[PDB]
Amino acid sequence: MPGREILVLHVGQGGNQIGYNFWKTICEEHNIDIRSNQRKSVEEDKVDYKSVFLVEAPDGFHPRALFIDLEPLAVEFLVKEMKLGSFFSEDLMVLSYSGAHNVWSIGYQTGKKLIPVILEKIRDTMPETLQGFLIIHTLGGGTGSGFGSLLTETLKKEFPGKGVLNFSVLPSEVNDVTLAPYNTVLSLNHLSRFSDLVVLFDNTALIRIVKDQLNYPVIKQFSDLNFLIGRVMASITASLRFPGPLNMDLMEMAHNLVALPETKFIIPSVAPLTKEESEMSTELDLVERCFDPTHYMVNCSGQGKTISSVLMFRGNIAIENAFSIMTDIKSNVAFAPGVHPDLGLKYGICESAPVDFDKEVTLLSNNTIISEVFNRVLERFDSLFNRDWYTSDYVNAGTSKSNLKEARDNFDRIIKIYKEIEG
């Protein structure tokens, strides 16, 4: 049946590398090997709706996605190493050759030449019942930040009735790109006007989670980092792909989170993170872990104040526990002073657990602690802007020094709005 379709757009090196973990997770959950595009079997094929992310074809299943970048090596070396040629096909690749050089303005301007080709690929493979788009990118670089902001502005303008949701990767506590404060403020300022929901991550928290919650002995490639982002994307969309007592789509979750038009910046968290922990935990254990800063995928100093949260229960869930613990959540977890004791929670329940897991809870939190995370970016921004450092290559690419003051002021307004609701 038509409807519920979603198109994903991967921009830059990070956005495409995260894309491998996401599509590997989607295929595994739908009993599909990503190598031959086939069903693994008919006996293990479950009552589901593969059409959310997958496109059915005679040879097999393909992703409803676009793999976009301003240089060809990050995507190609990914497909060669992981052997994704049959799935990450050439017809889904929008590549160019010049690169963005970690400059948001260059990625924005250069990406404008690929917009006509991107639209035509969308205008063909898109069902008119498509419910929205997901844009996967990093904010500290150039292509994911600049071109990604461009695809956010474009799609929201091109398809006003559809949801445009961003999954954005913040720089680590110490940025591994010196230009990141410029690229992050420009991206966040752009997404605040054209995006419906911005789900944020950073590598410091992702690394902390992998080392402390999964106990990996080493992290050698980003695949041992990006699987957390793919787990969030797959689990928050699980009710759209499998049976459940309580389903929810993209804009349903967005409408429950965005209290004020500017409060669209979300912090995700998942618990548990190993198989053996899903079998001995309770719904109260997982929810408490999700609301604990040790499980936030954004590096935060504390629990903060929750404005509004979306909770997805997957798998072997006791419904009576999920509802009875709501008073414990409202009493133990700090919420914004304006949140009524009976509000701030949006529930989703899916009978399909993540692969090999007994159960799992995914949290999407609209937290005032975003003001603290954003104030760090602004402080890094001002340290460079007040000294006129690295501004020439942004001015030479269309972004005036006045424009950098425009995006920064509007970015500071977002901080103060989150500050004011906090009390």
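Between two forms, the rigid core is the largest collection of C-alphas that superpose within 1.5 Å. Numbers for residues come from their place in the sequence shown, where the first is 1.
Peer 1: Comparing against the shown form in 8 other deposited structures of this protein, which stretch has the larger RMS C-alpha deviation after a rigid core superposition, 91-99 or 282-290?
Peer 2: Most displaced of the pair in 8 other deposited structures of this protein: 282-290.
Peer 1: On a core superposition, give the stretch, 268-276 or 127-135, with the larger average C-alpha separation from this form in 8 other deposited structures of this protein (RMS over structures and residues).
Peer 2: Per-stretch check in 8 other deposited structures of this protein: the more divergent one is 268-276.
Peer 1: Taking the mean of the C-alpha B-factors per stretch from the entry, tell me the winner out of 342-350 and 124-132.
Peer 2: According to the entry, 124-132 carries the higher average C-alpha B-factor.
Peer 1: With reference to the PDB entry, specify whether the mean Cα temperature factor is higher for 290-298 or for 142-150.
Peer 2: Comparing averages over the C-alpha atoms only gives 142-150.
Peer 1: Could you say which of 267, 229, 238, 94 has its CA atom at the highest B factor, as listed in the PDB entry?
Peer 2: Reading the PDB entry, the winner on C-alpha B-factor is 94.
Peer 1: In this PDB entry, which of 305, 112, 101, 255 has the top CA B-factor?
Peer 2: Out of 305, 112, 101, 255, the record gives the largest C-alpha B-factor to 112.
Peer 1: Compared with the other modelled residues in the chain, in which third is the CA B-factor of residue 202?
Peer 2: Lowest third of the chain for residue 202's C-alpha B-factor.
Peer 1: According to the PDB entry, is the CA B factor of residue 415 in the bottom, middle or top third of its chain, that is, lowest, middle or highest?
Peer 2: Middle third - that is where residue 415 ends up once the chain's C-alpha B-factors are sorted.
Peer 1: Looking at the temperature factor on the CA atom of residue 62, which third of the chain's modelled residues does it land in?
Peer 2: Highest third - that is where residue 62 ends up once the chain's C-alpha B-factors are sorted.
Peer 1: Mind checking which third residue 159 falls in for C-alpha B-factor across the chain?
Peer 2: Highest third, going by the recorded CA B-factors of the chain.
Peer 1: Considering every modelled residue of the chain and its Cα B-factor in the PDB entry, is residue 323 in the lowest, middle or highest third?
Peer 2: It falls in the bottom third of the chain.
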